[PDB]
């Protein structure tokens, strides 16, 4: 029954992933427009909550780690650069694959999950 609420989430998520991608591509690393970063962070926060609500473990954890990083960057605690933005784009790419698996009642890719989470946690570490 709870699956009766997946379709709306899947559509919202796809749209938010597209927005995330465009904002990422338009970001100026050394001087990121505050309003643009806030939008990326909000898309991630939204996707994370939906993932939690429906028990999409892999997507939730992946988005969780990205969100914390986007929070650091938007609060100005973390400096951005082209490498970080490329990591965010790669993260958006992987999240889309995870979502596409759920749409098919399939399980996301375990290896891609471990790789992206490892990279995101490495960056946070480096940020500290």
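Numbering follows the first chain given and starts at 1.
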(message) Quick check on the record: does 91-99 or 32-40 carry the larger mean Cα temperature factor?
(response) 32-40
(request) Higher average CA B factor in the deposited record is what I'm after, so tell me if that's 62-70 or 22-30. (result) 22-30
(request) Quick one: classify residue 57 as lowest, middle or highest third of the chain based on its Cα B-factor. (result) lowest
(request) Could you say whether, by C-alpha temperature factor, residue 85 belongs to the lowest, middle or highest third of its chain? (result) middle
